[PDB]
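Any value given below was found using the heavy atoms of this structure, including those in side chains, with hydrogens, waters and symmetry copies removed. Order of the sequence lines fixes the chain letters, A, B, ..., with proteins taken first and strands second; residue numbering starts at 1 for each chain.
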Amino acid sequence: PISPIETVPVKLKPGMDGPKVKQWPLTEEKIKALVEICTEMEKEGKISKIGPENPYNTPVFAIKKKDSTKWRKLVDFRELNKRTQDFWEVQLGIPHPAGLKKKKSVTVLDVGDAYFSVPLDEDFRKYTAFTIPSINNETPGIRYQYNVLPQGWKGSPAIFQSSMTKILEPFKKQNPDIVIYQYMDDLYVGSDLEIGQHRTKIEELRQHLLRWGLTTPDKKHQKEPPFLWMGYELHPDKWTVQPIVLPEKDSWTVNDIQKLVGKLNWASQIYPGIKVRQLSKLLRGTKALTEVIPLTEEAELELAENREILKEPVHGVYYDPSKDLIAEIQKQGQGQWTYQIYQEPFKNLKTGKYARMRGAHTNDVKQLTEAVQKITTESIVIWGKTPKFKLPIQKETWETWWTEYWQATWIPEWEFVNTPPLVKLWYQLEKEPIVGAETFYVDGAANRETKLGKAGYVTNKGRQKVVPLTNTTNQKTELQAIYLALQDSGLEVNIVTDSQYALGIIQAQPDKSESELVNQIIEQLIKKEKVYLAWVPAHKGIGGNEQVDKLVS
Amino acid sequence: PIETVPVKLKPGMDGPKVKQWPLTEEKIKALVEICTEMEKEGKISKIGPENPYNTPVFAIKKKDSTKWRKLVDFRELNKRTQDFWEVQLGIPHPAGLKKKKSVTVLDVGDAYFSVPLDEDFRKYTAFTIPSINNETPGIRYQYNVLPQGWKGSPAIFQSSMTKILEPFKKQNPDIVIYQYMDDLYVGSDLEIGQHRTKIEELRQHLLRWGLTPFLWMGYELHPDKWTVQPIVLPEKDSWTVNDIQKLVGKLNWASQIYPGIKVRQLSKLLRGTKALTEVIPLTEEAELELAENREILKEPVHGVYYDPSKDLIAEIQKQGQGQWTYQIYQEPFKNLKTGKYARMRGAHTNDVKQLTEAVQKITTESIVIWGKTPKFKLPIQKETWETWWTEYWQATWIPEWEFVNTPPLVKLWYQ
DNA sequence: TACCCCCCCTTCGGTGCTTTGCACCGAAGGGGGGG
Ligand SMILES: OC[C@H]1O[C@@](CO)(O[C@H]2O[C@H](CO)[C@@H](O)[C@H](O)[C@H]2O)[C@@H](O)[C@@H]1O
C-alpha cells in the first residue's frame with residue numbers, strides 16, 4: 001500500500017476552455033497496437049474510460065521506439081498547452097561531471113515510468129480527454145481521460161520533477177553522508193561509505209521511493225563502473241564523454257554540416273582545441289537544409305585538425321574543493337579561443353571554446369575579456385567560484401587598455417602566461433597633437449538619392465586630394481577620407497574630421513572588422529609611428545574643415 | 001490577529017517572471033541558512049512550479065559588515081505593484097533632510113517581517129534558490145510577510161512606523177526622519193557625538209517596540225558638504241589651433257544647455273588651414289566672446305527645477321585615473337545636479353567596483369535630495385557589468401539601469 | 001504532426017544613435033546534449 005502523492009493544483013488560463021481537436025486519420029498498424037496499450041493503462045489505473053459527459057478531445061498517435069520492435073504512445077497536447085497555466089521550471093541547468101567530487105562508492109538508478117506514477121489534478125483530468133478510432137472509424141471507438149501526468153503536456157516535467165524533489169527531501173536530510181544528483185527521474189548517488197553500507201543505503205532509498213509508488217527497475221540500476229550518466233562515462237578517478245560519431249560523408253548537405261558542428265561543440269567540453277569557425281562559415285547563408293555544400297580548403301583543414309584531436313581518447317578529472325581552480329586561455333586565430341580549467345597541471349577538469357564574434361569592429365583584448373566572462377560564469381555554475389586566470393596577455397598591455405578605454409572594464413585575479421600568439425594592442429592613438437607632423441583636414445559626403453560621393457582632404461602644407469566615389473554613403477565617405485589621409489601621409493600625422501561615426505570606431509582600437517575599408521584603415525594605422533585624431537563640429541567654418549567641406553560637397 | 005492590507009498589481013500587468021542568476025558558493029550557503037531559519041518562523045514557505053512567478057535573489061555584505069544579508073531584486077515586482085501614492089499610503093519627502101549637517105542611515109527592514117502579507121499577493125513574491133552544479137532543481141519559496149526590498153512594505157508598515165517614532169520625534173523636534181524602502185534616514189544639526197547619541201536613542205527606542213543586516217549598524221552622511229561639478233572652460237594665455245578647436249567643440253555642445261553661448265568670433269580664428277600645434281592669438285572680439293561665455297556658464301540654467309511626477313535619470317562618464325563624473329536630470333540638458341567622484345574603492349585597480357560605488361553614492365544622494373532613485377545609463381558592457389556587480393553591491397536597494405557606449409569626442413565634464 | 005532544461009551558430013526584425021545608415025541585441029530556428 002503506497003503513500004499517495006499529493007496532487008498539484010493546476011488551472012487553464014483565465015477565460016479559456018478545454019481543447020477540442022478531434023483526431024486525424026490513422027494507419028491500421030497504428031490503431032491496432034494503440035488499443036492494446038489503452039487497456040493496460042485502464043487496468044493499472046493510469047486512465048479512466050468514462051467519456052460521455054466530456055466535450056473535450058485531443059489527438060493521439062504512435063511511432064516506434066528507437067530501433068525497437070515496440071510502438072510508443074504519444075498525445076499531442078499543444079492546444080491544451082496553450083490554454084494551460086504557465087509554470088515556473090525548476091530545472092535551471094545541467095549538472096556536469098567536472099563538478100562532482102570523487103566518491104568511493106557510486107550508484108546510478110532511474111525511476112520507472114515516472115509521469116504515470118504521479119496523479120494528475122482531479123479537476124484538470126477532464127481536459128486531457130482523447131479519442132481512439134475503434135476500427136478505422138467504422139464504429140465509434142474508445143474515449144479516455146488521464147489519471148496521471150500524460151506525455152506531451154507542458155506541465156508534466158515540472159510537476160513530476162517537483163514531486164520527485166519533495167520525496168527525496170527527507171531522505172537527503174536524514175542521510176547527510178550521501179550525495180544525490182537528481183536530474184528529472186535520473187539519479188546519481190555517491191558516498192565515501194564502505195560499499196556494503198552503501199549497497200544498504202541505496203536499497204533504503206529504493207524502498208523509500210517505492211513507498212510513494214516510485215519504482216526503480218533493476219534494468220536501469222547501475223552497480224559497476226563505468227557508470228553511464230548524463231551522456232558521460234564515470235570511472236572512479238576520471239570521467240569522459242560517451243563516444244562521438246563523426247559523419248565521414250563525402251557529400252555534405254546543409255543539414256550535414258549543422259549536425260557536424262553540433263557534435264564538435266559537444267566534444268569541445270573535454271577535447272581541447274576544437275575549431276568550428278570555418279565549418280560554421282560554410283553554413284552561413286540562405287541555403288535550404290538539402291543543398292549540398294563543397295568544403296572549403298580551410299574548412300577541410302579545420303575538420304582535419306578536429307579529427308586529429310578526436311583520434312586520441314581524452315579524460316577529465318573530478319573536483320577537489322581543497323585546491324584552487326585554474327583557467328588558462330589560448331588564442332586560436334580568427335576570433336577563436338579555447339581554454340582549460342584545471343587544479344593540478346595536465347589534469348583538466350574540463351575544457352571549452354569561445355568563438356563568438358559580437359560587433360562589426362573589435363579587437364583581441366575585448367574578445368579575451370568576453371572569454372574571461374563566459375568562463376567565470378560557467379565556473380560559478382559548476383563550482384560556485386571564480387578560477388584564477390592565466391592569460392596570453394602582458395600586464396602592461398592590459399593596463400594600457402583598461403585604463404585608457406572609455407567603458408569600465410576589468411578582469412579578476414590573473415597572471416601572464418607566455419604562450420604565443422600573445423594578445424596585444426596593434427596601435428595607439430596620441431593624446432596630444434604632434435608637433436611638426438602634417439595636419440590633414442579630411443571630409444567626405446554622399447548624395448542620398450544618387451549614392452555617389454567624394455572623399456578628400458586639405459593639409460596645412462597645401463596638399464590636397466578629392467576622389468570620386470560610387471554606390472556609397474555619408475558614413476563610408478567619411479571613413480574613406482580618413483583612409484586617404486593615412487595613405488598620403490608620412491609616419492607621423494594629425495587628422496581632423498567632423499565624423500563622430502568614424503572616430504567612434506577607430507578610437508576603440510579595433511584590430512579586426514567585418515568591413516574591408518575599416519581593415520584597410522587598421523592596416524595603415526599599424527604602419528604609422530604616431531597618429532592624432534581630432535573631432536570638430538561641422539558647418540562652423542572651422543579650419544580646413546570649411547575648406548575641405550566645400551571640396552567634397 | 002493583524003488584518004492584511006490588500007494589494008493589487010497595475011491592471012494590464014502580470015507578476016514578475018525573472019530567471020535566477022548563478023550564485024557563488026558562499027552566497028548560496030548564506031541563503032540556505034537564512035531561508036531555513038525564515039521558514040521555521042513562518043516568514044516564508046515552500047511552493048511548487050504551479051506558481052508561474054519568479055524574482056531573483058542573492059546576498060550581500062553592507063560596508064564593514066562581516067555577516068551576510070539577503071537581498072531580493074524586486075525591481076520588476078516594484079514596477080508592477082500598484083503605486084501606493086494613489087492609495088495615499090505614500091511617504092512624503094522632507095526638503096530639510098539634505099540641509100542637515102549629519103544624516104545616519106539605519107536598516108529597519110527587519111521590522112517588516114512582523115506584518116503579514118495579503119494572501120492573494122503572496123504568489124508574486126516567489127523566488128528560487130539554485131544549487132552548485134545543479135545537484136538539486138531550484139527550491140522555490142514565497143513570502144507570508146512584508147518582504148525586505150518591496151516598495152509596498154514601507155508603505156503598509158508606515159502606520160505602525162509613525163507611532164513608534166512619535167515620542168522620539170516630539171522629544172527631539174529638530175531631527176528629520178525619512179523612510180525609504182528598508183532604510184531610515186535621520187538628520188540633525190547637532191555635534192557628532194550628540195548626533196550619534198540620539199541615533200543610539202532611536203535604536204533602543206526601537207527595541208522597546210522590539211520587545212513589545214541588523215539594526216545596530218549605521219552610516220553617516222554630510223549632505224551640507226555635498227558639492228557640484230559645473231562645466232568649465234580652460235584658462236590659457238596662448239592657445240594652439242587644437243586648443244581652440246576643442247574649446248569650440250565644447251562650447252558648441254554646451255550651447256545646448258546654455259543657449260546664449262556664441263562661437264562666431266572664436267570659429268573665425270580657425271578660418272585658415274593650419275597646423276594643430278600652431279600658436280595663434282585671440283582677436284579683440286574673441287577675448288570678450290570667451291569672457292562673455294565664461295560668465296554665462298557661471299550663472300544657473302534657466303527653467304530647470306525638480307518635477308515630482310517625472311523619473312530621475314543619471315549618466316556616468318569614466319574620466320580615467322579613478323575619476324568619475326555624473327549628471328542627474330529629468331529632461332535632457334536641464335540638469336538638477338552635476339558631480340565628480342575620485343579616489344573611491346577600487347581606484348586604479350577595478351573599474352567595475354568603482355562604478356558600483358559611484359552608482360550607490362548617486363542613488364544615496366538622490367534619495368536624500370528628491371526621495372527618488374534614478375535610472376542609470378552605465379558606461380559599460382551589459383555582460384561585463386552583469387558578471388561582477390553583485391560582488392561589490394553593499395546596498396539594500398537596487399536602482400534601474402541600462403547600458404551605453406559613448407566615445408568622448410569632446411571632454412565635456414572634465415578637462 | 002507530443003513535453004520540459006541547458007549549450008553554439010545563424011538569421012532577422014526591432015531599437016536608437018553613428019541617424020534614414022549603421023550598429024547593437026534579443027528572439028527563434030537550425031544543430032548538439034540530457035530526461
Ligand atoms: O542588467 C539588466 C538585466 O537585469 C534583468 C534581470 O535581472 O532585469 C532587471 O534589471 C532591469 C534593468 O534595471 C530591470 O528593468 C528589471 O526589472 C530587473 O528585473 C534583465 O531583464 C536585464 O537584462
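Here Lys30(A) pairs with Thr27(A), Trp71(A) under the side chain to side chain contact (heavy atoms under 4.5 Å, CB included) rule; sequence neighbours left out. Not counting sequence neighbours, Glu516(A) has no partner by the salt bridge (charged side-chain N to carboxylate O under 4.0 Å, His left out) test. Not counting sequence neighbours, the partners of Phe333(B) by the side chain to side chain contact (heavy atoms under 4.5 Å, CB included) test are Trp253(B), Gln256(B), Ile257(B). With sequence neighbours excluded, the residues satisfying salt bridge (charged side-chain N to carboxylate O under 4.0 Å, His left out) with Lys13(A) are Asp86(A). Listed by chain and residue number, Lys275(A), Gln336(A), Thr338(A) satisfy the side chain to side chain contact (heavy atoms under 4.5 Å, CB included) test with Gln332(A) (two or more places apart in sequence, or in another chain). Legend: residues meeting salt bridge (charged side-chain N to carboxylate O under 4.0 Å, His left out) with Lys451(A), ordered by chain and number and at least two apart, are absent. Checked against salt bridge (charged side-chain N to carboxylate O under 4.0 Å, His left out), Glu135(B) has the following partners two or more places apart in sequence or in another chain: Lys172(A). Under the ring pair (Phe, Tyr, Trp, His ring centres under 6.0 Å) criterion, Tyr339(A) pairs with no residue at all, not counting sequence neighbours.
Nucleotides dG35(C) and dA2(C) have their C1' atoms positioned 15 Å apart, rounded to a whole Å. To the nearest whole angstrom, the two P atoms, one in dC25(C) and one in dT18(C), are 14 Å apart. Between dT20(C) and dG26(C), the two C1' atoms lie 23 Å apart (nearest whole Å). Using P as the reference atom, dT1(C) and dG31(C) are 16 Å apart when rounded to the nearest Å. Rounded to whole Å, the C1' atom of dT15(C) lies 12 Å from the corresponding atom of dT19(C).
Look at CZ on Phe87(A): it is 12 Å from P on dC5(C), rounded to the nearest Å. Following rounding to the nearest Å, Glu89(A) (CD) and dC6(C) (P) show an atom-to-atom distance of 9 Å. Between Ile505(A) atom CD1 and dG21(C) atom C1' the separation is 11 Å, expressed in whole Å. Distance CG (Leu74(A)) to P (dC3(C)): 10 Å, rounded to an integer number of Å. The CZ-P distance, from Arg358(A) to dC9(C), rounds to 13 Å in whole Å.
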Between the protein and nucleotides 28-35 of chain C, list the N/O to N/O atom pairs that are separated by less than 3.5 angstrom.
from, atom 1, to, atom 2, distance (Å)
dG30(C), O3', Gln258(A), OE1, 3.3
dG31(C), OP1, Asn255(A), ND2, 2.9
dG32(C), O4', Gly262(A), O, 3.3
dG34(C), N2, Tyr183(A), OH, 3.0
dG34(C), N3, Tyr183(A), OH, 2.7
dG35(C), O3', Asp185(A), OD1, 2.4
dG35(C), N2, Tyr115(A), OH, 3.4

Could you go through nucleotides 12-19 of chain C and list every protein N or O atom that sits under 3.5 Å from one of its N or O atoms, giving the distance for each pair?
none

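In this structure, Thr473(A) reaches the sugar-phosphate backbone alone: every heavy-atom distance under 4.0 Å involves primed, P, OP1 or OP2 atoms, never a base. If you check every strand for non-hydrogen atoms under 4.0 Å, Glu383(B) touches nothing. Nucleic acid contact class of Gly285(A) (heavy atoms, under 4.0 Å, all strands): sugar-phosphate only. Residue contacts shown for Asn134(B) are absent, as no nucleic acid heavy atom lies under 4.0 Å away. At the heavy-atom level, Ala158(A) lies nowhere under 4.0 Å from the strands shown.
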Which donor-acceptor pairs under 3.5 Å do side chains of residues 158-168 of chain A form with protein atoms, sequence neighbours excluded?
from, atom 1, to, atom 2, distance (Å)
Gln161(A), OE1, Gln91(A), NE2, 2.3
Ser162(A), OG, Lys166(A), NZ, 3.2
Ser163(A), OG, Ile159(A), O, 2.6
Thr165(A), OG1, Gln161(A), O, 2.8
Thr165(A), OG1, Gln182(A), OE1, 2.8

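Note on the helix from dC3(C)-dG35(C) to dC17(C)-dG21(C): angle between the axes of the first and last five pairs equals 20°, rounded to 10 degrees.
A close approach under 4.0 Å does not occur between any side-chain nitrogen or oxygen of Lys287(A) and OP1 or OP2 of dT11(C). When the side-chain nitrogen and oxygen atoms of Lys451(A) are compared with OP1 and OP2 of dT20(C), none of them lie within a distance under 4.0 Å. Remark: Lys382(B) is in phosphate contact with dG26(C), judged by side-chain N or O atoms under 4.0 Å from OP1 or OP2. An OP1 or OP2 oxygen of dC8(C) is reached within less than 4.0 angstrom by no side-chain nitrogen or oxygen of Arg356(A).
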(request) Mind running ring pair (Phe, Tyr, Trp, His ring centres under 6.0 Å) on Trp229(A) and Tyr188(A) for me, showing each step along the way? (result) CA-CA 8 Å; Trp229(A) 179 76; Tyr188(A) 156 100; 5.7 Å; yes
(request) Evaluate the criterion ring pair (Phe, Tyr, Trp, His ring centres under 6.0 Å) for residue pair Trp383(A) and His96(A); output intermediate values, then yes/no. (result) CA-CA 10 Å; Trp383(A) 305 285; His96(A) 197 273; 7.7 Å; no
(request) Quick one: do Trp153(A) and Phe87(A) satisfy ring pair (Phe, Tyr, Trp, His ring centres under 6.0 Å)? Show the steps, please. (result) CA-CA 12 Å; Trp153(A) 185 51; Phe87(A) 296 94; 5.8 Å; yes
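Here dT10(C) is the nucleotide among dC5(C), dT10(C), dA23(C) with the atom lying nearest to any side-chain atom of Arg284(A).
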